[PDB]
Ligand code: HEB
């Protein structure tokens, strides 16, 4: 697993989701960013490389992907209900966390 790979992968999928056409395509794209965000959880970013083992940064780090993983769970549900549209609208939330974390964390 590599975080730089995870990051390109989340963006590849986020692009597909915004552009998506079918429920199944949004859904699978969300699954792929879910797998990459999961691997992101145990990758080592250079930006939070050297934080302490017992600190308010290692937990808060993964929370960036954790928000995403939870919103993905809902967005899976929605896409499966045939809400292609609400699954794309949820991409604004994952994307808001992309940038919100990225304003300090990347
Ligand atoms: C939201 C789902 C999200 C997206 C789409 C995203 C995309 C990227 C891209 C394309 C990069 C560039 C790769 C690089 O220059 O290193 C990138 C880098 C990093 N990201 Fe993210 N990111 C998203 C979401 C998050 C969340 C949430 C993060 C915080 C937990 C987060 C962190 C990082 C980090 C640390 C990097 C830099 C990696 C490095 O090796 O320096 N990203 N992201």
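Numbering starts at 1 and runs along the chain as it is shown here.
Recorded method is solution NMR.
From the backbone N, Cα and C atoms, a Cβ is placed for every residue, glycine too.
As annotated by Swiss-Prot, heme b binding site applies to 7, 102. The region 'Disordered' annotation in Swiss-Prot covers 38-60. As annotated by Swiss-Prot, compositional bias 'Basic and acidic residues' applies to 47-60.
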Task: Residues in the compositional bias 'Basic and acidic residues' (47-60) grouped by DSSP into helix, strand and remaining coil - done: 3 helix, 0 strand, 11 coil
TODO: Let me know the DSSP-derived helix, strand or coil state of residue 102 (heme b binding site), please.
DONE: helix
